[PDB]
Every structure is written in C-alpha cells, then in structure tokens.
Amino acid sequence: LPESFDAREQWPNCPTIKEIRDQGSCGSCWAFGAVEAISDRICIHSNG
Amino acid sequence: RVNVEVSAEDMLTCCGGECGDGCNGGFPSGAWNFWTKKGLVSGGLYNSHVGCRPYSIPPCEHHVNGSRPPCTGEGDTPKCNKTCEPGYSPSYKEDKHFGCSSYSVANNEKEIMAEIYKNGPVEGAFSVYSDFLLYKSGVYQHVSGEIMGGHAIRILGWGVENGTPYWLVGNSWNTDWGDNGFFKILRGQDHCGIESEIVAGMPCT
Ligand SMILES: COC(=O)CNC(=O)CNC(=O)[C@H](CC(C)C)NC(=O)[C@H]1O[C@@H]1C(=O)N[C@@H](CC(C)C)C(=O)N1CCC[C@H]1C(=O)O
C-alpha cells in the first residue's frame, strides 16, 4: 500500500467523495457517516 | 450508472430501532444493515430540492462563528415519510438503492487501508473530547478536555504529515468548520478509538 492515499483524487469521476454535508441540530452523525460513504461507493462501483 | 446523493433523511427517519434512536444517536453497522434490507432513496442538502428526500433539518454553526444560526445540540427526529418531494420522479419505492452486503472491518490499520484502497471510503467512530471542537489544521491528537461523546464520520484516505501518520476524515459539520469540513487524526494507535468501529458494505450492482 502507498504511503499516501486520497479518495478524492483517486476517483475523480465521483464528486460525492469531495462533498461535505451538515447534520444540523441533530445527533444524526451515525446516519451521515453511512449515507456519505454509501454515496461514494455507489459511484465507485457503477456496475459489472 | 449511478452518481447519487443518498438521502440522510431516509436513513435517519425510517430506520427505527435497528439503527438506534434518530437524533439521539445510533449504530453505524445498523445503518449499513438498513441499506441492505430496505434500501435508501436519493436526497440532497437542506433545500436543494435535489432527489427524493432532501435533508429537512437546517444547517447551522457547529462550534464556530459564521453567518448561519448556531446549532442547538440535537432536536427532534422528523417523520418517516415514504414519499418524494413534489416534482421528483420516480416514486419512493422505485428510487430505492440497495446494498448487497454489510460488514465490519477489524481494528487493524492495514486492513482498514486495504479496504479503503480497494472499495472506497468507510464509516468510523471516535470519542470526541473538548479540544477537538477547535480543530483548524494539522494532525489532531487529543491533549486535554472533557469527554463530549462518540461521533461517527467518513474516512476517505490516509497520509503522513510532519512525520506523523494520519487518517483523512470528512466531518458532517459543514465546510466552515475545521479544514473545509475535513480533518486529520492520528493513525496507527487506535487514537480516541478511530480504528475500533470501522464499518462498510457493498452496493448491489
Ligand atoms: C451498541 O452500542 C452502544 O451501546 C453505544 N451506542 C449508543 O449509546 C448509541 N450511539 C451513539 O451514542 C453514537 C455513538 C458513536 C460512537 C457511534 N452517537 C451518535 O450517533 C451521535 O451522537 C453522533 C453525533 O451526531 N454527535 C453529536 C455530538 C458531538 C459532541 C459529537 C454532533 O456531532 N453534534 C450534535 C449537534 C450537532 C453536532 C455538533 O456538535 O456540531
């Protein structure tokens, strides 16, 4: 494995990876960590 | 075939007991499980009008001074409404994206790096101490402050800064907090438990 690795640079066709969201006044950190990574993954594995 | 903004609204409001307790916190693995059982519809930022179910809780200032109102530490969990916003197509049921697997990655820095390298960003959790709130840049390392609670985030890479190894992490406190919404935290010694609750999963292709 490489010394460094930035997912934003490695999958440039997947803008969600660079996105930062705002959970608002709610303890929904658990849901955000999930949906954000799920969005990145749906894009990264776009079928086959 | 799909670059979609997955709805945080749908996960937060409709998962129920299996994910924990809505705005009062929950379980990361429970959330990935929901994705595989019920799927998630699309949904963008607070009033973007993007997707089936955009986020309904307004953005606020998270431990910083900005132009938005200050956050007031968790409010009420909104209703689980199984409908898309007006004007959006397709319907709720057909806008659902399903995951085909949900799993936990071991507390092992190398296995976490391999997972991210091969399959993409993962979700993790760590203990937030008071000194983290003021983070601005560099590699975070807990020095002092009282425990504020657990926090789940997205880990999307790693690196070495000034000789100090770190994890590249995306917070969910908007972009005016920290380093444009991101931060780096000490890697390799389960610092604040950053390596202890890594969860991920794979989409149904
Ligand atoms: C089986 O497990 C257990 O028995 C323990 N779990 C539980 O008790 C329920 N889960 C939790 O309490 C998780 C823990 C985490 C380690 C997975 N917290 C959460 O889901 C949230 O309370 C994440 C969150 O949103 N935290 C808040 C509080 C901060 C201090 C971390 C936050 O970011 N906030 C709350 C307000 C808006 C935003 C902010 O402060 O800027």
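Sequence lines set the chain letters: A, B, ... in the order given, protein chains first and strands last, and positions in each chain run from 1. Counting starts at 1 for both ligands and their atoms, following the listed order.
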[atom] within contact range, any protein heavy atom under 4.0 Å:
atom                    : result
atom 12 (O) of ligand 1 : no
atom 8 (O) of ligand 1  : no
atom 5 (C) of ligand 1  : no

Looking at [atom], what's its closest protein heavy atom, distance included?
atom                    : result
atom 35 (C) of ligand 1 : B/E74 OE2, 3.5 Å
atom 40 (O) of ligand 1 : B/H63 NE2, 2.7 Å
atom 22 (O) of ligand 1 : B/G150 O, 3.9 Å
atom 25 (O) of ligand 1 : A/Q23 NE2, 2.8 Å
atom 29 (C) of ligand 1 : B/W173 CZ2, 4.2 Å

Applying a strict 4.0 Å limit to heavy atoms, is [X] in contact with ligand 1?
X     : value
B/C60 : no
B/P28 : yes
B/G26 : yes
A/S28 : yes

Please test B/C14 against B/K38 for side-chain contact (heavy atoms from CB on, under 4.5 Å), starting from the C-alpha separation and ending with a verdict. CA-CA 9 Å; B/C14 294; B/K38 300 277 184 79; over 6 Å; no
Would B/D131 and B/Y140 count as having a side-chain donor-acceptor pair, cut-off 3.5 Å?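 There is such a pair between these side chains.
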Taking the side chain from [X] and the backbone from [Y], do they hold a donor-acceptor pair closer than 3.5 Å?
X      : Y     : result
B/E61  : B/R68 : yes
B/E74  : B/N24 : no
A/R21  : B/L45 : no
B/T205 : A/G48 : yes
A/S25  : B/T72 : yes

Of B/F183, B/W167, B/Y166, which is the lone residue that meets side-chain contact (heavy atoms from CB on, under 4.5 Å) with B/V139?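 In the set B/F183, B/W167, B/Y166, the residue that makes a side-chain contact (heavy atoms from CB on, under 4.5 Å) with B/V139 is B/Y166.
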Heavy-atom pairs closer than 4.0 Å: do any link ligand 1 to the side chain of B/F27, the backbone, both, or neither?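 Side chain only.
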Atoms in ligand 1 flagged as close to [X], the criterion being non-hydrogen separation under 4.0 Å:
X      : result
A/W30  : 20 (O)
B/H62  : 37 (C), 38 (C), 39 (C), 41 (O)
B/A125 : 16 (C)
A/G24  : 37 (C)

Kindly indicate, with the supporting measurements, whether the criterion side-chain contact (heavy atoms from CB on, under 4.5 Å) is fulfilled by B/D95 and B/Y88. CA-CA 10 Å; B/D95 197 49; B/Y88 183 81; 2.7 Å; yes
Residue selection (non-hydrogen contact nearest atom 21 (C) of ligand 1) among B/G25, B/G73, A/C29: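 Nearest heavy atom to atom 21 (C) of ligand 1 lies in A/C29.
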For the student: nearest non-hydrogen atoms of A/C26 and B/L12, plus distance: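 Taking every non-hydrogen atom into account, SG-CD2, 3.9 Å.
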Around atom OH of B/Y117, are there more than 12 heavy atoms from other residues, nucleotides or ligands closer than 6.0 Å?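 No - once you tally the heavy atoms of other residues, nucleotides and ligands closer than 6.0 Å, there are 12 at most.
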Using a cut-off of 6.0 Å, state whether more than 12 heavy atoms not belonging to A/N47 lie near its atom CG.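 For A/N47, atom CG is crowded (more than 12 foreign heavy atoms under 6.0 Å).
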Any nitrogen or oxygen of B/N24 lying under 3.5 Å from a nitrogen or oxygen in ligand 1? Just yes or no.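 No; every N/O pair is 3.5 Å or more apart.
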